[PDB]
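Presented below, as structure tokens, is a lone chain in the form deposited in one PDB entry.
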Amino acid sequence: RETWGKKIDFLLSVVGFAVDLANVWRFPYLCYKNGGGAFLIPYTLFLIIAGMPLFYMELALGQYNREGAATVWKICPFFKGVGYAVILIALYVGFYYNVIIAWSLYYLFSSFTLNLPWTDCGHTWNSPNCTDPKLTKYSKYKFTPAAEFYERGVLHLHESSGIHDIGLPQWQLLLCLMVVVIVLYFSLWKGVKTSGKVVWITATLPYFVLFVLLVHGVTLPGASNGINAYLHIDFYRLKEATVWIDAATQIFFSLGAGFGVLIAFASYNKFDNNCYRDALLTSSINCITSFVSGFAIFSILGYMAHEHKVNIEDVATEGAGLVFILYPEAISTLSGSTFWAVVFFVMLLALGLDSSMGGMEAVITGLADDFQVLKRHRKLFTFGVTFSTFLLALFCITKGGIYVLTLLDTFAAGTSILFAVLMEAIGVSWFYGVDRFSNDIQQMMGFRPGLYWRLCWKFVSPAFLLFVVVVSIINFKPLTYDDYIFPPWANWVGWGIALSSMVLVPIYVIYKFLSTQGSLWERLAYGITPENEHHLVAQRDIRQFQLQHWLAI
């Protein structure tokens, strides 16, 4: 297998992997939808007890097994079905993640203008309802130039009444997505890249942009209200279950657990990489980045509330287009809006593409370790993955493609990834054993995990994942894009898409049971024991059939 270069394996380079589109785009709107302040406590809790333990576990598993997202379960075939699952989950992300980058690309095409299109009204897409503060509603107040440009000048949402009538893909977004998938193909057709300019620029540009945004927000008039709202904890929202689900999903998106990216990345690392320090640094940097991003978001929200004289909770939307409304307007206030807008759009395109490459690599590395034919047909396989994503994403660039994008973001990567990571934790801590995992970590790095890590991997994280799965399944809420209630059939289609990845585990356990020849004992042994230890099936020496294995702790 290949190995990453010294540039990306540096101690000060992991921060480059810490940045992701979820922390720049998804975390802002998730926190705004959850109120702000009431979302940081569940986020930090799931990071310290669930996110970081699963992060370390996936890193160690990928470093040990030296396999992709699916084959990494060579120690227990009965859980191999979850691998493909997360792969499909990653594929689901490609159905919408690539759609967002192209959006920023269109903004790039709107960035080379003296007068920015999101500054004032009077353009073609601007409806008569467009309101310019320099020159109406307490529900969402979508009558701002930045919102009119995003909904009518980019997505053309005014030409669609709902998800039932999506329309036709806009030619602008069509060409943008074509350029995006072409770059994605030409940046991955030669396998992994030891060192690249793309991963190098994503380590300094995002932090600089966030610092500039913070310095601008702390000086904007009226941002004090947003700052105070961000530092206010609403316990009645903590009593609700949606906040915890959103925090878990955001943690899994930011850290990458549940997509196969971590295992694929660790499969090409060295046999002595200290994943403990890497996990600590990643968690800390991600928490700090999320905190400062939420602070800047609430500062911009307070500024817009002061400028438009609208309430903070009703000044902008709570969907996937929030960062395309708040961030641009602030750039309009800074001197030289053109240069800052260009820099911000280039940063978005960079982090967006770096995330798509990481996610697509997880799909390929896994499917090639499954089928060695695809290992040699990389350029043809890459094309298939990218081209399939481009097509199945043509749905999200239609006049009403934002609805399908939100549906995929809510259901395709909702309870499915939670169930996947729960099955992974169960298969690693119970079926495989915490003792064997600790011995592997010791023989790889030189030290055994403490009581805390093992108790989290075996008891804390699985229990919390089961809890969030239960509250996601039972306490379900209908999807609404802040104004439009999705019809019941849309929710049924979303649940079916989620089940498409969820039921991959029992389907595989059924297949692994029928394909295996022998009695029930032999079938169960071949399904729960590692391949290289299959000889122990002949000697009738199975650890999982002993009480000491499940009581290892």
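Quick note: we count residues from 1 along the sequence shown, nothing fancier. Just so we're on the same page, rigid core means the largest C-alpha set that superposes within 1.5 Å between forms.
Among other deposited entries of this protein with both flanking residues present, at least a third omit coordinates for residue 137. Note: missing coordinates for residue 6 occur in a third or more of the other compared entries bracketing this position. In terms of unmodelled positions of the deposited sequence, the stretch from residue 135 to residue 136 in this entry skips 4 to 9 residues.
What follows is about the form deposited in another entry, which we do not show.
When the two forms are overlaid on the rigid core, CA displacement between the shown form and the other one of 2 Å or more is confined, within 364, 325, 421, 75, to 325. After superposing the rigid core, the C-alpha of residue 269 moves by less than 2 Å between the shown form and the other one. After superposing the rigid core, the Cα of residue 33 is displaced by 2 Å or more between the shown form and the other one. After superposition on the rigid core, the Cα of residue 461 moves by less than 2 Å between the shown form and the other one.
In that other deposited form, the Cα positions of residue 501 and residue 17 lie at least 3 Å nearer to each other than in the form displayed. Note: the CA-CA distance for residue 418 and residue 17 contracts in that other deposited form relative to this form, by 3 angstroms or more.
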